[PDB]
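Letter by letter, the sequence shown follows residues 83 to 214, 217 to 224, 231 to 249 in the authors' numbering. Reading through the structure tokens given below for one structure.
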Amino acid sequence: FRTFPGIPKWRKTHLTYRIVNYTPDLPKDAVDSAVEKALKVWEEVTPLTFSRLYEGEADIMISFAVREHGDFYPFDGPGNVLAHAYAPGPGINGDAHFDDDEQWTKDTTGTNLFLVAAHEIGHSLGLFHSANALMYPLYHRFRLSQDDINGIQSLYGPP
Ligand SMILES: COc1ccc(S(=O)(=O)NCC(=O)NO)cc1
Ligand SMILES: [Ca+2]
Ligand SMILES: [Ca+2]
Ligand SMILES: [Ca+2]
Ligand SMILES: [Zn+2]
Ligand SMILES: [Zn+2]
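Okay, here's the thing in structure tokens:
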């Protein structure tokens, strides 16, 4: 496992998130389910408790965007970069973005939103790319690996 430069971590247990907008590809409940389920993957093996917000600035702002979208890492159309997220911190830090030129699916016939979001939320909680592993930098009965659990626990702690 690997962490971000300067070992950044959330300095609180209660974290908030907001889904700012939605992909055309799925219904909103399917997006909510994938994201909500993506947060539980990490919530289950840490003392972190997530809460949802509909107004205002949440810690983890979740949005779908294409090309240039307000940060130093513009998306690249279909394929290549599917999504990116930021390390723990204020502002853009902690936020997760999804490239809406990909075809986001409930299943595997396109790009699975749940799997990518789980990997993206890993970035939101301070995990960088692994060497084996959900945090491995390539998209390919799902379970969180020991290498993944090592990083989040040796940072926040166990439940
Ligand atoms: C399923 O987990 C992922 C998520 C995204 C990607 S990727 O978009 O191809 N690489 C960018 C990346 O590392 N985002 O966090 C690769 C694997
Ligand atoms: Ca943020
Ligand atoms: Ca892309
Ligand atoms: Ca799309
Ligand atoms: Zn972005
Ligand atoms: Zn990644």
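Using N, Cα and C, we set each Cβ at its ideal position, and we do this for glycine too.
Taking residue i as the reference, which of the options has the closest Cα?
i, options, result
"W186", "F210, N175, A178 and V198", "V198"
"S145", "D114, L234 and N214", "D114"
"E137", "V102, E125 and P90", "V102"
Let me confirm a value: residue i is counted as buried when at least 16 other C-beta atoms fall within 10 Å, else exposed. Which label applies?
i, result
"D181", "buried"
"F132", "buried"
"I89", "exposed"
"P156", "exposed"
"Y223", "exposed"
"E139", "exposed"
With DSSP as the reference, please indicate the residues paired to residue i in a beta bridge.
i, result
"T85", "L209"
"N194", "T187"
"residue 316", "For the chain, the structure presents residues 83 to 249; residue 316 sits outside this window and is missing."
Apart from the five residues just before and just after residue i, which ones in its own chain have a Cβ nearer than 7 Å to its Cβ?
i, result
"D237", "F83, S212, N214 and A217"
- Message: To test your reading of the DSSP string, which unbroken beta strand (DSSP E) runs of 3 or more residues are found completely within the segment 92–139?
- Response: Fully enclosed beta strand (DSSP E) runs of 3 or longer: 96–101 and 131–134.
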